[PDB]
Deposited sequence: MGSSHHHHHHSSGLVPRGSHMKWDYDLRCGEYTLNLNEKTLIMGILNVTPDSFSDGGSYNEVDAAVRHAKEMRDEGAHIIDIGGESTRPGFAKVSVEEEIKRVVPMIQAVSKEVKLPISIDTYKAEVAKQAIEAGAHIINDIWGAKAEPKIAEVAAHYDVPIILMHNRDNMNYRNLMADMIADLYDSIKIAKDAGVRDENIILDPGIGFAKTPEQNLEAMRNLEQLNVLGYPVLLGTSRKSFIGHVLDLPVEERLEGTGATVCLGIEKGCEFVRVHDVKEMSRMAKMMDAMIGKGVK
């Protein structure tokens, strides 16, 4: 049991009742309208949070791209919005524009000032494992270490524990077998005592294992998400929200959550 709640301005995410789903989102009128449509579609079929992200596969632009997105969806889909950036000034504008959770693929390493931004608005922050290189003495030990330096940065910045989520960053700075192997030892991040988000939606190593292009990776995302939840993580971040919402309630039922 957690004994606290994920508070997010207007919204609250109890963390015991069920595994929380994060829907990935794919300033003119056409974009802001395919996005409100799509955010709506995700609220409709199980999502618990919308993640508005650059595709990762200039600063002034990110604001311009993303601020409009948030204004609309927050005003139109009543769910907490997470902003997927690693730039501070961007994140600044986004909560400022309406978004409630941060979500940083550089776990405060790339832009330390971001963490302060969190402390400041009291917004939960996701800290993802990542590194400019990828050679490890020992994978699991080494990523638990790294994550711990993120937390350190968060904390020295003023961020309360209760606002801290970790993510093993499956997909980044990782060989295909390395990804798999983190997958096998997900349980270990548990010992740091924070809620964990898993993010594995149609990543390349599913491709690698199954031999299958992005739009054929829905069953592999499946397997990751289950073996995820059964190693006890608190959110999954995914593209295919109808299907994952259902594998989640199933796992929940079975592992009894």
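If you line the structure up with the deposited chain, the stretches without a C-alpha atom are 1-21, 48-56, 84, 89-94, 295-297.
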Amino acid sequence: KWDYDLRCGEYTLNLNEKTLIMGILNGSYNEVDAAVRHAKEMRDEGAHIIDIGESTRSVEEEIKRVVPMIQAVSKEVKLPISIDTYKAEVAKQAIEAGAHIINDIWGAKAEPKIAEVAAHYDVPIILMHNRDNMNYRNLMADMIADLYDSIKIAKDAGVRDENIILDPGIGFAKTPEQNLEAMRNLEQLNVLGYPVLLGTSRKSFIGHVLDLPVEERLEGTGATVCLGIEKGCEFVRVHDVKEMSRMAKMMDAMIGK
From here on, numbers count along this sequence of modelled residues.
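We call the rigid core whatever largest set of C-alpha positions still superposes within 1.5 Å between the two forms.
For the pair 58-66 and 223-231, greater average C-alpha departure from the shown form in 8 other deposited structures of this protein after core alignment is found in 58-66. For the segment pair 116-124 and 171-179, the entry gives 116-124 the higher mean B-factor, averaged over Cα atoms. When the mean C-alpha temperature factors of 58-66 and 190-198 are read from the deposited coordinates, 58-66 comes out higher. Annotation for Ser245: CA B-factor lies in the middle third of the chain's modelled residues.
Looking at the C-alpha B-factors along this chain, the one for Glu111 belongs to the middle third. Per the PDB record, residue ranking by Cα B-factor puts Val238 in the lowest third of the chain. In the deposited entry, the Cα temperature factor of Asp146 places it in the lowest third of its chain's modelled residues. Per the deposited record, the Cα B-factor of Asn138 falls in the middle third when ranked against the other modelled residues of its chain.
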